[PDB]
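Fold and geometry: a report
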Amino acid sequence: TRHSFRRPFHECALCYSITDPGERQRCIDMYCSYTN
């Protein structure tokens, strides 16, 4: 989950890689919108 599994499920790629730092303005908050 740092190669590409941290996404396929995590969609944390088109997100944790570009939102990863803070851009993307959060895939609709998909870290806030998907948080817990």
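What counts and how
Residues numbered from 1 in each chain as written, not as in the entry; some residues may be left out. Heavy atoms only, no water. Helix = DSSP H or I, 4+ residues; strand = E, 2+ residues; numbered from the N terminus. Buried < 20%, exposed > 50% of the residue type's maximum accessible area, 1.4 Å probe, protein only. Areas by Shrake-Rupley, 256 points an atom, 1.4 Å probe, with all protein chains shown as cover. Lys, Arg positive; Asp, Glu negative; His and termini not counted. Charge placed at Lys NZ, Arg CZ, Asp CG, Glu CD. Salt bridge = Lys/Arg side-chain N within 4 Å of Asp/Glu carboxyl O. Polar contact = N/O pair within 3.5 Å; in protein donor to acceptor, adjacent residues only side chain to side chain. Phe/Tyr/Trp six-rings, centres within 6.5 Å; stacked < 30°, edge-to-face > 60°.

Regarding how it was determined, this PDB entry cites solution NMR in its header.

So, about the overall build of the chain. Secondary structure assignment for the chain yields 0 helices and 0 strands. Projected onto its principal axes, the C-alpha coordinates of the chain cover approximately 20 × 20 × 10 Å. Within the chain, the fraction of its 36 residues that count as buried is 19%. With the model as given, the accessible surface of the chain reaches about 2,800 Å², and the carbon-plus-sulfur share is 51%. One finds the centroid of the 5 positive side-chain charges in the chain at a distance of 5 Å from the centroid of its 4 negative side-chain charges.

The buried charged residue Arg6 lacks any salt bridge partner; its closest oppositely charged side chain belongs to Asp20, at an N-O distance of 7.8 Å. At a separation of 2.4 Å, a polar atom in the side chain of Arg6 contacts the main-chain carbonyl oxygen of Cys12. Of note is the side chain of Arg6, whose polar atom sits 3.3 Å from the backbone oxygen of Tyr16.

Moving on, we come to the packing of aromatic side chains. This structure, assessed with the given rule, holds 1 aromatic pair. Geometrically, the ring pair formed by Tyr16 and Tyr31 is tilted, given 6.5 Å between the ring centres and 35° between the ring planes.

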